[PDB]
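Participant:
Protein chains: 2
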Amino acid sequence: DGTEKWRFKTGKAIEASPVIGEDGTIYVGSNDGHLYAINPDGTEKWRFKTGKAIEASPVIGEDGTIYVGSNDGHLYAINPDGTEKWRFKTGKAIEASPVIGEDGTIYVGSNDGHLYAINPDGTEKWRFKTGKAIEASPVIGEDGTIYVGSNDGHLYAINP
Amino acid sequence: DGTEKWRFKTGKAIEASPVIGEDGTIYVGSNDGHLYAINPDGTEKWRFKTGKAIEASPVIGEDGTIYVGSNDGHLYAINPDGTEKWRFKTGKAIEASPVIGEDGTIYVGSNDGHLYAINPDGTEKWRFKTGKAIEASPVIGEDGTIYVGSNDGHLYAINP
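So the protein sequences, as listed, match chains A and B. Using my numbering, read the first sequence as starting at 2 and increasing by one per residue. Using my numbering, read the second sequence as starting at 2 and increasing by one per residue.
#1: So, for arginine 48 (chain B): in the same chain, excluding its five sequence neighbours on each side, which residues have a beta-carbon less than 8 Å away from its beta-carbon?
#2: Using the C-alpha atoms, what's the distance from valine 149 (chain B) back to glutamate 143 (chain A)?
#3: In whole angstroms, what separates the C-alpha of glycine 154 (chain A) from that of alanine 137 (chain A)?
#4: Buried or exposed for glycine 145 (chain B), please, with buried defined as at least 16 other CB atoms from any protein chain shown within 10 angstroms of its CB.
#5: Cutting at 8 Å between CB atoms, please list the residues of its own chain near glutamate 103 (chain A), excluding the five before and the five after it.
#6: Spell out whether any CB of chain B is found under 8 Å from the CB atom of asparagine 72 (chain A).
#7: Does the Cβ-Cβ distance between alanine 17 (chain B) and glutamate 56 (chain B) come in under 8 Å?
#8: Along chain A, in chain order, which residues have C-beta atoms closer than 9 Å to that of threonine 106 (chain B)?
#9: Output the distance between the C-alpha atoms of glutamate 23 (chain B) and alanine 54 (chain A), rounded to the nearest integer angstrom.
#10: Opposite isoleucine 15 (chain A) in the DSSP bridges: which residues?
#11: Using only alpha-carbon positions, find the residue among B:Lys90, B:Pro81, B:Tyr68 that is nearest to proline 121 (chain B).
#12: Given that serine 111 (chain B) touches chain A, what residues does it touch there, using C-beta distances under 8 Å?
#13: Under 8 Å by Cβ, that's how I've got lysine 86 (chain A) and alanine 78 (chain A) pegged, so tell me the actual separation to the nearest angstrom.
#14: Below 7 Å on C-beta distance, what does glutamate 136 (chain B) contact in chain A?
#15: Which chain A residues sit within Cβ distance under 7 Å of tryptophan 47 (chain B)?
So this is what it looks like as structure tokens:
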């Protein structure tokens with residue numbers, strides 16, 4: 002009927018789409034800097050604070066790890082209980098959601114122009130420089146190709 | 002290996018993620034106003050011009066229809082052959098990608114503050130009003146609940 006079930010208030014605007022875990026938990030980032038874990042009944046499970054606003058949607062690894070990019074420049078890996086697993090610093094704000102390859106590699110674009118491939122342990126695999134800031138989340142093709150849009154006007158097909 | 006396979010040039014910045022169809026076709030919206038269909042070898046299959054920039058990712062329905070929101074306020078339904086199927090006008094620009102429910106309903110947020118439920122034939126099912134613009138795509142839970150964030154700071158859970 003399109004009627005409200007509940008609402009959860011954050012500190013500032015929510016520009017990022019939520020993501021749902023296997024247990025039904027709804028994770029959503031806000032412009033107040035936090036990644037909120039919301040129970041399906043609208044109550045807060047926990048919150049994780051980053052340096053600045055979170056504009057990008059989080060993605061969930063196969064083991065339950067929640068990866069989210071913050072405007073503070075980091076890609077955060079957060080355990081299912083709300084504790085930080087690791088963080089990877091890029092040059093500028095991360096406005097785009099990460100995406101996970103079939104081998105566990107976490108790909109994310111940064112406003113510093115680079116597409117980053119990050120190992121599941123937080124160490125850098127490689128980086129590729131597009132012309133300008135990357136605001137679009139990358140998408141993986143069936144053969145492993147990583148497609149990423151850049152502010153330089155191009156869509157790049159990157160070998161894995 | 003982090004090397005470039007190919008690049009596809011549009012007229013302006015690509016702020017939105019692409020999406021891949023069943024046959025490997027890559028669809029991406031550009032700030033130049035066009036939805037591009039790109040073959041896996043990097044050559045253009047076709048383009049469809051909307052009125053303003055497209056900063057939201059397209060989504061693909063079960064029958065291959067590509068839905069894309071534009072800054073001109075419309076949610077376009079484009080056939081796989083590049084011809085428009087229908088369009089749905091909202092009050093303000095659409096900056097968020099739509100999402101498709103199990104029953105085929107297409108949910109899209111608009112800068113007019115509403116989350117719209119659109120039947121596959123282009124007619125409105127219902128609209129859910131929030132306090133401010135919706136720049137974030139919605140997500141659907143296993144029980145059919147639709148979650149969407151708003152610029153009013155709230156995460157809304159909405160019954161189908």
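We put the beta carbon where it would ideally sit given N, CA and C, even for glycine.
Facilitator: Put simply:
#1: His35, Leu36, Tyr37, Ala38, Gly83, listed in sequence order.
#2: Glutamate 143 (chain A) and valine 149 (chain B) have their alpha carbons spaced roughly 29 Å apart.
#3: C-alpha separation (whole angstroms): 12 Å.
#4: Result: exposed.
#5: Only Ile141, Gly145 meet the Cβ criterion.
#6: With its beta carbon at least 8 Å from every one in chain B, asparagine 72 (chain A) lies outside the interface.
#7: The Cβ atoms of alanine 17 (chain B) and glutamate 56 (chain B) sit closer than 8 Å to each other.
#8: The premise fails here: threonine 106 (chain B) is roughly 10 Å from chain A at the closest Cβ pair, so nothing lies under 9 Å.
#9: If you draw a straight line from the Cα of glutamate 23 (chain B) to the Cα of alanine 54 (chain A), it comes to about 35 Å.
#10: For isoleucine 15 (chain A), which the question treats as bridged, DSSP gives no partner whatsoever.
#11: Of the candidates B:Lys90, B:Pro81, B:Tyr68, the one whose C-alpha sits nearest the C-alpha of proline 121 (chain B) is B:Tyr68.
#12: Under the 8 Å cutoff, chain A gives no residues; its nearest Cβ is about 14 Å from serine 111 (chain B).
#13: Contact flag correct, Cβ pair sits at about 4 Å.
#14: At a C-beta separation below 7 Å, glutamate 136 (chain B) has these neighbours in chain A: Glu16.
#15: Here the premise fails: no neighbours, minimum Cβ distance about 15 Å.
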